[PDB]
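A.B. asks: Please find one structure pasted underneath; my questions will follow.
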Ligand SMILES: *Cc1cc2c(cc1C)nc1c(=O)[nH]c(=O)nc-1n2C[C@H](O)[C@H](O)[C@H](O)COP(=O)(O)OP(=O)(O)OC[C@H]1O[C@@H](n2cnc3c(N)ncnc32)[C@H](O)[C@@H]1O
Ligand SMILES: *Cc1cc2c(cc1C)nc1c(=O)[nH]c(=O)nc-1n2C[C@H](O)[C@H](O)[C@H](O)COP(=O)(O)OP(=O)(O)OC[C@H]1O[C@@H](n2cnc3c(N)ncnc32)[C@H](O)[C@@H]1O
Ligand SMILES: *Cc1cc2c(cc1C)nc1c(=O)[nH]c(=O)nc-1n2C[C@H](O)[C@H](O)[C@H](O)COP(=O)(O)OP(=O)(O)OC[C@H]1O[C@@H](n2cnc3c(N)ncnc32)[C@H](O)[C@@H]1O
């Protein structure tokens, strides 16, 4: 999703090879991205069916502690709604 | 996922994967934003993250979760070299 | 070189030097031989880490260690390299190459086992951790009286600690030491105690520690000299000791065969007393080469008649390792007493504390160090001073946690590239397991293959025993994972792992001690005297017959002292002449 | 320690020892200081590879080398480690960590540049290759007469070769040496010559070579002693030399400031003559710290008035490296004179040759070695004896191939795991380029940042110059690829590559020599005397002002001899008292 500017030093190039004076924006890096405040592993999938064409298929339910409320002031009604859905 | 590029020397029937998944507190400071100048490969505003795992419960739980995987996995077998916690 | 001495000692490690310290001081005419050479500077056998340069570049000492660890038994290499050019000569089989030992089953090895051949032995590079063994880890010196046994060990360990200059105070003003030790102390709810690792070392300044070594125990200078005009001692480096000559009755040693590696010549040396302190592996090799035990691949059909337990019941410790990166919680606690205002590097930034405030969590000395660092180095985001000494923490082996622990910074496993993570954040974790002695676990020597010194090639037949030893090793791994978590998360590239078997270099039981040769399946008695022999003694960790997790050298030293007392009681030094 | 000497020498490397050998022998009262300590055994400053153990375990010496190469300038680390636990303290920026130099542009560095602080300097670990420079690589000692210039260099190199014990015969009976050298000799069609690398070394036996070092040049023992009762010399290890004190006119040095690293105390030493031989980097540092050149980041707006060329025109060699695995063709040629019948290990197997047969391609000595190996070791598939010495081959720099070459086995780049490929098959290739001196290429020192000895932090501003130097480096890579192919294919994991800039450790021109300070953009004249100063001399590769590919030490030594001749011509030793 967002790849920061690469800062690896490669100093074993031949002297004839063209060589950067700075760590410039290369190879699809996002110059807006702080590499230390990223989700570097975040990725997206553009194919019909999306990520469900490759996913692990684990489909647990959320218990109350993890789950948004669908009914505000009635935990039993909220449970019933989530159970049905 | 994480089969990697060379053949396991350890018999596959012995190997078990452990993945523990933490919950993250929603915090206003944690953002997904889009550049007003940089675009992605589809000429759309470039996604940029400003993200850190929140410092309190979320971080404490993540580390307790790591420990929990270490304790639980030990009941089944030792770690596979190259796939350490 | 004379042809006759009162006492000959094979090996100039810290255990060989224990015998020299005791016996040279008692007026014996002593010769000492080492296959290795004088390395460490003009202080013979001294710690190589004791240069100003290494202590300013501590990341480099790992290389010194690796450069003198020569693998004991390397199996035939079976890696397939099929990307050679078609013109390159290529093997049709996995043949014996590059010093591999064809006797070695690669799956029953201690692949990490290594030896060090330099004057001072492994004490020229060691970590200097010298804990005592509690009863559960320790051989008996007195059979049926635990109080008397305790008294004996207390007396011997106390003297050994004096020889090594063991202390527990050298790191007391380290912020990083404190941070780790205090946190662990408060979390174990009174049920485990944390203290400084006992270290054979003397601090010389805030940034220099004189680590102890063989040289500390005995300075290894030839005598008579000006400082000791009535002592008699000669050290002969680059001399391979190859065989001791038994009489027919196996009741006396009559000679030691030596090989001068410089001239190439071979000689035989006569002594009243022969002391072998060549290390756990090489003591055993020298004895098998002398007709003790059995040369060649073991067989039950035909077990050896002389010292049948030699090279059996060997023990090595399981060792687990990781590194951590200090928690935000701990880093923040360093500066908990500070009032911090503004942003570092800006005109209005300040860091202050109130000296003596009862609400302060740290004493003035700490807060001074921290304030000054934070104000003088606003480019630096950490509150820990740059030259803060390393942590040196342990919780010692107990029944409820039967492993030794070191929570510290070791010169080893720095590796070849610079840490991107700040060093002040990094802490090493090494937990050390105890291994049950089992007859099937062996160190044996080939009757055909020889090592680089033309001596019978050492070969291991070793597996960690299946029951208690294995269960404890895995519980020990878990314990390191749980405990380390209280300090910080794992450092990527140093995740929790078992180290290569034997890399720990704590091998014992190869020539083990007991009261009765047959009943205790052993090789030397509690005077370290080889059973049946009047004048042959063995020193070193090879004597330790028990399952121990703590570092063995101090215990081996203590046994050596007891052995020297026997020698003093039974052999008369020659007239000074 | 006295406060007054005839001659003070800073640094106990082979160049410092050249000055000591010359000047101590000529009757001067000499003091020598080294920031490093006595390491190498009782032979002070001797080669660390000269132990019996290292020559039986040559794969281990790489660690000794790495353990004393301390990086000169390490840039701020920018590796992103984002797999830390959320509890671990984590940087918001790439701040100065772990001894990084914030002055250093990581893209204009010699990241491989390193220094060695031990008595004997880098000659305690070096490869010992001592070729002469041909005219094209060599500074002029005589301006307008090439024959006179040749004569001068011949005389100086001949003496330098005597000091180092340089020879070209120590490997002549190596089958592997022969195999490589013979093949290359026959393939270059008379247009390039191959010979043994000239090596500062004396063979002691078929399996031991005494490599030369500083100690070979001067044994470094304090004098007067029994072997030299009328000489005067003192060596002071663990003494950081920090500044020389100029007079106002910059025409004399009046004192040397020293720091005893053991006591911590600082002192000043007076001499008639001051010789700086602290290495190419550290000579320059000591001079900048003394007010020569310019401290701080260079600026053209304000160029230095004292020795403006100091730290400019620096040169380092491009270095390309690979290893090869010997061709089937070459391995087969080893045994070309043998009649081979049956299968190894079977009853009918035999390997025979006809001694003296004119059709034989090898002499009897070779065929004997090969037959006996093949018959005695039928488990082994190679015809090369196990203890066959390594290849040591070169074709020296020439106009048509303007690089030095070493085709050999170096103690370096053995790395941390055992070769699966048989060692007898492996050959190292190192080709060394010459670098044009350019004003923009600098070694400078921070006015704010200090190194571990509290001295101004060295910082490089270096790129290989774009034209001839770069074109040649790439042609040199190609030349190694073409030439190596005649011997074998590349060894996987050692493919052809440029080494990290400066890892070659052949830095020159930091305090360069010439005839005229202004016209030749230089710092010392042909007596190695600093321009304007009566009594300050510089020694080492920092003096070499030319683009050179061959290893510089012998040339630096030769210059040092010429410098000592000037000292002998102009300074009177003090009365022996
Ligand atoms: C990659 C992956 C994901 C995964 C997983 C294992 C892997 C290897 N395991 C999972 C599991 O065990 N249990 C589970 O609940 N989730 C697991 N996942 C994640 C899961 O696949 C996703 O949560 C799920 O697929 C999300 O579904 P959703 O329908 O919301 O989104 P999608 O699959 O990413 O599909 C979106 C589609 O939209 C198209 N797209 C994107 N942008 C545009 C625009 N601008 N215009 C038109 N179309 C667009 C994408 O092409 C994609 O197909
Ligand atoms: C390498 C190492 C070891 C070590 C350690 C860290 C490292 C990196 N940390 C330790 C620690 O913190 N606490 C501790 O108790 N031990 C630690 N060690 C292990 C320790 O160094 C050894 O236990 C200790 O040195 C053993 O002493 P010992 O005197 O018994 O043996 P040695 O040091 O190996 O010396 C033996 C000498 O004998 C010579 N030799 C070998 N064979 C021969 C023959 N055939 N002839 C003549 N001489 C011989 C060797 O050259 C050696 O010098
Ligand atoms: C590391 C290395 C070097 C090397 C080589 C292989 C390796 C692994 N192979 C070589 C080869 O085959 N042929 C050759 O010509 N050179 C090779 N080298 C390089 C060679 O070792 C050096 O060129 C040579 O040693 C340079 O000699 P020099 O005497 O000029 O300098 P030194 O050896 O670096 O010694 C300097 C001493 O000075 C002390 N010092 C440094 N600073 C101070 C201060 N401030 N005060 C007091 N003393 C100081 C150092 O401690 C060092 O001992």
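Chain C is numbered as in Swiss-Prot; the shown residues are, in order, 43-619.
The backbone N, Cα and C atoms fix where each Cβ goes, and this holds for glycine too.
Annotations per Swiss-Prot:
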{"type": "MOD_RES", "residues": "C:167", "note": "tele-8alpha-FAD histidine"}
{"type": "BINDING", "residues": "C:448, C:450", "note": "substrate binding site"}
{"type": "ACT_SITE", "residues": "C:548", "note": "active site, proton acceptor"}
{"type": "ACT_SITE", "residues": "C:593", "note": "active site"}
A.B. asks: Which ones in the same chain are close to residue C:448 (substrate binding site), with CB under 8 Å and 6+ residues apart in sequence?
C.D. replies: C:169, C:171, C:239, C:435, C:436, C:470, C:471, C:472, C:473, C:474
A.B. asks: Whole-number Å distance between the CA of the residue listed as 'active site, proton acceptor' and the CA of residue C:593 (active site)?
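C.D. replies: The residue listed as 'active site, proton acceptor' to residue C:593 (active site), Cα-Cα distance: 7 Å.
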A.B. asks: Go through C:167, C:450, our recorded positions, and report the one whose Cβ sees the most other Cβ atoms within 10 Å.
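C.D. replies: Selected residue: C:167.
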A.B. asks: Can you name the recorded positions among C:167, C:450, C:593 whose Cβ is less than 8 Å from some Cβ in chain A?
C.D. replies: none
A.B. asks: Does DSSP give the residue listed as 'tele-8alpha-FAD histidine' helix, strand or coil?
C.D. replies: coil
A.B. asks: Can you check which residues sit near residue C:593 (active site), meaning Cβ under 8 Å from its Cβ, same chain, 6 or more apart in sequence, and list them in order?
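C.D. replies: Those within reach of residue C:593 (active site), by Cβ under 8 Å and sequence separation of 6 or more, are C:169, C:171, C:172, C:173, C:446, C:474, C:548.
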A.B. asks: In whole Å, how far does the CA atom of residue C:450 (substrate binding site) lie from that of residue C:167 (tele-8alpha-FAD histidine)?
C.D. replies: 16
A.B. asks: Taking the recorded positions C:167, C:450, C:593, which residues show a Cβ-atom distance to ligand 2 below 6 Å?
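C.D. replies: By the Cβ criterion, which requires under 6 Å to ligand 2, the hits are C:167, C:593.
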A.B. asks: Count the Cβ atoms, other than its own, that fall within 10 Å of the Cβ of the residue listed as 'active site, proton acceptor', considering every protein chain shown.
C.D. replies: 24
